[PDB]
Amino acid sequence: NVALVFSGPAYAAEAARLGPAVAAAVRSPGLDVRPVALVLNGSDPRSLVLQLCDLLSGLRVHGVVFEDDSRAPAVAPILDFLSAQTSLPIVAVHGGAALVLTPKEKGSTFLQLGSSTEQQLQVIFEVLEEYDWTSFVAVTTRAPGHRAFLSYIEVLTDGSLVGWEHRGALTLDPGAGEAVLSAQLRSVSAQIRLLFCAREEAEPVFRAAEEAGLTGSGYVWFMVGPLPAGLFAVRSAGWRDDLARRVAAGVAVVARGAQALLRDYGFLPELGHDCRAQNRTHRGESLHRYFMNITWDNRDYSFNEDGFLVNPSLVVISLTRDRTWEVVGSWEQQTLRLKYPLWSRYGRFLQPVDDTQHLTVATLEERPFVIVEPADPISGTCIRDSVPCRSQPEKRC
Amino acid sequence: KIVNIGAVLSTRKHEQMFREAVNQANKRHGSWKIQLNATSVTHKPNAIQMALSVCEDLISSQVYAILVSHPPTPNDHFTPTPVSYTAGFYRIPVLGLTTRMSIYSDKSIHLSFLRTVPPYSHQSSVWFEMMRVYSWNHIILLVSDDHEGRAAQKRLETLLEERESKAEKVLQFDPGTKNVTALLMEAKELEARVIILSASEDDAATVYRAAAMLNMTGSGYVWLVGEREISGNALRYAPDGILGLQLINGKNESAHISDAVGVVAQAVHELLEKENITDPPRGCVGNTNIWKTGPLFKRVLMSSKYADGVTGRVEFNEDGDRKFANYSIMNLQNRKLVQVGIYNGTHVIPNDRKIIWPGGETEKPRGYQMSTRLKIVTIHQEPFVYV
Amino acid sequence: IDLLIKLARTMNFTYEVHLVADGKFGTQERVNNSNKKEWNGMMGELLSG
Numbered sequence: 052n053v054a055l056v057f058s059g060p061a062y063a064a065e066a067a068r069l070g071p072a073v074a075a076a077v078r079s080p081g082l083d084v085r086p087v088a089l090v091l092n093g094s095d096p097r098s099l100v101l102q103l104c105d106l107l108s109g110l111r112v113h114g115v116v117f118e119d120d121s122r123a124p125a126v127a128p129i130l131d132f133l134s135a136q137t138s139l140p141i142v143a144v145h146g147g148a149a150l151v152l153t154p155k156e157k158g159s160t161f162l163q164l165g166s167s168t169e170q171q172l173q174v175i176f177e178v179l180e181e182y183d184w185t186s187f188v189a190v191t192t193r194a195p196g197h198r199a200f201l202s203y204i205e206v207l208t209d210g211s212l213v214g215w216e217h218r219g220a221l222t223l224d225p226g227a228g229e230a231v232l233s234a235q236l237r238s239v240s241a242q243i244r245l246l247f248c249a250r251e252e253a254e255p256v257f258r259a260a261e262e263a264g265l266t267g268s269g270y271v272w273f274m275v276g299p300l301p302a303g304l305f306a307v308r309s310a311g312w313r314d315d316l317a318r319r320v321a322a323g324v325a326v327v328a329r330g331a332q333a334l335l336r337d338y339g340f341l342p343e344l345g346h347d348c349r350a351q352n353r354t355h356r357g358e359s360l361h362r363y364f365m366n367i368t369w370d371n372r373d374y375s376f377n378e379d380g381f382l383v384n385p386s387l388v389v390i391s392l393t394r395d396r397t398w399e400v401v402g403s404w405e406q407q408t409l410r411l412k413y414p415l416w417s418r419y420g421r422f423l424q425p426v427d428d429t430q431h432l433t434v435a436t437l438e439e440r441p442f443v444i445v446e447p448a449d450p451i452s453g454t455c456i457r458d459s460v461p462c463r464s465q479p480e481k482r483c
Numbered sequence: 025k026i027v028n029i030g031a032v033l034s035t036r037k038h039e040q041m042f043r044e045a046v047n048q049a050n051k052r053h054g055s056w057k058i059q060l061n062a063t064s065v066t067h068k069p070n071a072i073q074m075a076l077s078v079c080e081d082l083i084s085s086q087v088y089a090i091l092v093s094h095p096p097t098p099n100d101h102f103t104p105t106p107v108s109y110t111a112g113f114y115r116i117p118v119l120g121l122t123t124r125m126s127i128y129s130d131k132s133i134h135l136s137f138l139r140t141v142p143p144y145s146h147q148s149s150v151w152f153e154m155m156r157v158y159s160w161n162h163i164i165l166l167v168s169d170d171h172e173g174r175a176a177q178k179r180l181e182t183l184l185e186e187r188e189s190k191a192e193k194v195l196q197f198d199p200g201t202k203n204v205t206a207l208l209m210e211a212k213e214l215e216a217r218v219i220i221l222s223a224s225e226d227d228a229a230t231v232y233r234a235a236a237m238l239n240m241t242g243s244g245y246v247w248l249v250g251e252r253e254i255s256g257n258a259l260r261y262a263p264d265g266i267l268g269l270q271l272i273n274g275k276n277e278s279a280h281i282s283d284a285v286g287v288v289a290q291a292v293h294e295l296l297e298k299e300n301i302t303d304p305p306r307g308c309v310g311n312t313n314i315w316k317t318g319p320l321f322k323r324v325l326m327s328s329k330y331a332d333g334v335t336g337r338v339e340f341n342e343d344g345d346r347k348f349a350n351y352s353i354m355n356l357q358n359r360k361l362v363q364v365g366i367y368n369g370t371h372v373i374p375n376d377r378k379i380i381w382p383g384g385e386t387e388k389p390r391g392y393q394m395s396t397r398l399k400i401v402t403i404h405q406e407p408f409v410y411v
Numbered sequence: 460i461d462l463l464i465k466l467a468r469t470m471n472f473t474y475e476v477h478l479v480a481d482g483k484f485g486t487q488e489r490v491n492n493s494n495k496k497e498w499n500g501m502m503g504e505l506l507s508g
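Protein chains in written order, with the entry's author numbering: chain E, 52 to 276, 299 to 465, 479 to 483; chain S, 25 to 411; chain H, 460 to 508.
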């Protein structure tokens, strides 16, 4: 049996109707799925451990799909310990238990459908080079994982024919003061800033951003983890798939993951069927050996040894004048397909600081004086020691 | 009205003097309304049920901080784990004792934890100075491949860069090793003889037996070994010249309990000001929001200068660690661990008795062996190297 | 090789010659994982041991 656990009163209404809906949607040979509806509410860790353990003894369930409404990620470690304790593979599709957590406890089976910061950082650079946004600043403050945040920055621009440049501050303190923060933000040498900071501290630094006046239409921001115009972030289909596809996706991994051991031999692991009845829990093997060759809905869902997704479907989200989050581009397994045709510069998704100092020039092609060659197809950007020239269109050096 | 701090201990018998420690709150700082109460309970024998013995036990009694102690059974960090996850769920600061593990030193998993006992990873700081006053240049070290093993290796390499660049050869092995002498064969090919072991309490026994058959315990060899590879089965089947370390005030629960409550009681006094002093959430029936001043309270405990207890050196770095902990370098002399020095941050040698080295040699052997056999790489360049 | 014999006789050591495996002189490049650069050729066999 597969357990379906829902947290939050919002999902209480839809929990009842979701049971039979997925029973006939996906079927596997030699397996039966009996979804259940849970109405537990409250952030306290009382029902998450009493009912769940009783559920294991009650219905003898293996494989749990978890989803939450609020953006509180404090509940993820609660089941991570439980996953490593009773050897129960628990997978959460979206909600609070979706952010990547490292390191994980040894001998665990907790899985997440999310994207790490290292995976998220690489897709930002292709957005910069698409619109020729070489100038950028990397600014961050005290963060749990800022050590690898900067470590992966210098390695992206080390290679490639295109010439990049680096600039960045050290840290920002919310309690330092608006005047102090404004003074420290004056040491910049570019127009684009990449932000990686905690959610709680993100709002004060944005409120103090308008104090220094660095929130105009001439600047853009990227969020890695009041709101200035032109904000970008990556959510990895966070607002997509609605709800029916997510619960269907969660049970698909468990059903096909469980069949990995079933084809070799007929064995029913009921290790997770009890919590306190047996005083021994040494019996455990092949906890994470499986769940490495997963294919569904013409997509790849391979999972690494650590227990997080390594082949995601990233999507970029922009900001509109109506203060809404909308998908502008796309990304389909390393294709970098961007919609909204990228023609000209400083006119789309970014504007010059001074209009009067932005002027157009015209040129011709004379072999010893002006040389025109096509753009580099390897990277899709014009080579170094050259400037773009849109033939009024295409892009040429 | 009343200041109450929670704590879980090894046994109820260990709570008898804990009440005595906290009943003296009248003769402490402030002495206006603070009435320190033990509010202690013996830990569940099973660590899984500890999650069921905190919400209805600790948070229900209006606790500000929790103390977790090592169980009498030789468990593997079973006790401090559930407490940290529960305390970290409400962002209430927690501090433990006798928790010698390096997995509590990162805030990614344990956001709040202030232990007063340094982990095994700080032994490498001793090894740097211990071998410097003996004129030893480069080493070869055997390190277990796990989270604990690599913690010491990363520290030693970082410090050694400023003095003698890197080591000679770092050899790693699986923590479930059993009759693995392949890595030891190339160990006696690098003229080091300064072998430094960092295995577990039980894995080091295999190394000693494996190396004994290769006459690695004779003269000219020295062994720098941590505390974990001395006690238990490691003492038997061991070289007669181990220079292992130890801790002076370690495994002293009574002293730590008295010292732990001193800083906590003093920390409460300093927080009494005009700012937000909202009490931690009460009960575990309904509790979703997190108190604002919790992060502030944790910072106070980090910068507390308690000049009493263990020679009055109660200071904390950006993480929860002890400073200038005395180690009392130990030397094995015919099944008789004899101290040959003390450590207080700077090496001091109260050289009681004399030092015996493996093979029975009195004077300290060097860690070098010149090799007259060389291997040379050449390439095919016509005027220079024909082939 | 003629220069090698003179050094060994003067400094009293014994040698053992062997060619290179790859067939290169030496340069620094990045492995397929992360950017932890490594050497190759004659510069990568002296450092390894």
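We put the beta carbon where it would ideally sit given N, CA and C, even for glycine.
A residue is called buried when at least 16 other Cβ atoms come within 10 angstroms of its Cβ; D428 of chain E does not meet this threshold and is exposed. Counting only Cβ-Cβ distances below 7 Å, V479 of chain H has contacts in chain S at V401 and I403, in chain order. In this structure, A88 of chain E places its C-beta atom within 9 Å of the C-beta atom of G70 of chain E. At least one CB of chain S lies nearer than 9 Å to the CB of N471 of chain H. Cβ atoms of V107 of chain S and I90 of chain S come within 8 Å of each other, at about 6 Å. DSSP places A54 of chain E within a strand segment (E or B) once states are collapsed to three. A194 of chain E sits in coil when the DSSP states are folded into three classes, being neither helix nor strand. As far as DSSP is concerned, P385 of chain E takes part in no beta bridge. Here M394 of chain S is exposed, its C-beta having fewer than 16 other C-beta atoms within 10 Å. Measuring C-alpha to C-alpha distances from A289 of chain S to each of S:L33, S:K57, S:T35 and S:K37 identifies S:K57 as the nearest. Residue burial is scored here from C-beta neighbours: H477 of chain H has fewer than 16 other C-beta atoms within 10 angstroms and is therefore classed as exposed. In the assembly as shown, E215 of chain S is an exposed residue. Its beta-carbon has fewer than 16 other beta-carbons within 10 Å.
Chain order gives no chain E residues near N203 of chain S, where near means a beta carbon separation below 7 Å; the closest approach is about 22 Å. In chain order, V32, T103, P104, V107 and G120 place their CB closer than 6 Å to the CB of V92 of chain S, counting only its own chain and leaving out the 5 sequence neighbours on each side. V324 of chain E has its alpha-carbon roughly 18 Å from the corresponding atom of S138 of chain E.
Collapsing the DSSP output to three states places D120 of chain E in coil.
Residues of chain S whose Cβ lies closer than 7 Å to the Cβ of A125 of chain E are, in chain order, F113. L423 of chain E has its alpha-carbon roughly 16 Å from the corresponding atom of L432 of chain E. Taking a Cβ-Cβ threshold of 7 Å, the residues of chain E close to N494 of chain H are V206 and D209, in chain order. Around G384 of chain S, the same chain offers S243 and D264 as residues with beta carbons nearer than 8 Å, after the five sequence neighbours per side are excluded. Contact annotation: the region 167 to 178 of chain E does not touch the region 352 to 364 of chain E, with fewer than three C-beta pairs closer than 8 Å. Secondary structure note for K465 of chain H: it is in no beta strand (DSSP E), and the uninterrupted alpha helix (DSSP H) holding it is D461 to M470. Shown here, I219 of chain S sits in coil according to DSSP, grouped into three states, outside any helix or strand.
In the same chain as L180 of chain S, and ignoring 5 residues on each side of it, the C-beta atoms closer than 6 Å to its own belong to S148, in chain order. Excluding the 5 residues flanking it on each side, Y128 of chain S has same chain C-beta neighbours closer than 6 Å at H134 and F137, in chain order. Residue contact with chain E for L183 of chain S: absent (no Cβ-Cβ distance below 9 Å to any residue of chain E). Under DSSP, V401 of chain S shares a beta bridge with H:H477.
Between the region 314 to 328 of chain E and the region 448 to 465 of chain E, the count of Cβ pairs shorter than 8 Å is below three; the stretches do not touch.
Of all residues in the region 66 to 77 of chain S, only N70, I72, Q73, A75 and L76 come within less than 8 Å of chain E when Cβ atoms are compared, listed by chain position.
For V100 of chain E, at least one C-beta of chain S is nearer than 9 Å to its own C-beta. For a cut-off of 8 Å, the C-beta gap from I83 of chain S to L60 of chain S is around 18 Å, too long to register as a contact. Between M125 of chain S and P98 of chain S, the C-beta gap is not smaller than 9 Å, which leaves the two residues out of contact.
The Cβ atoms of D283 of chain S and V324 of chain S lie no closer than 9 Å to each other.
Look at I90 of chain S: its C-beta is not under 9 Å from any C-beta on chain E. In this structure, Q196 of chain S sits near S168 of chain S, with a CB-CB distance shorter than 9 Å.
Excluding residues up to 5 positions away in sequence, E497 lie with their Cβ nearer than 7 Å to the Cβ of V490 of chain H in the same chain.
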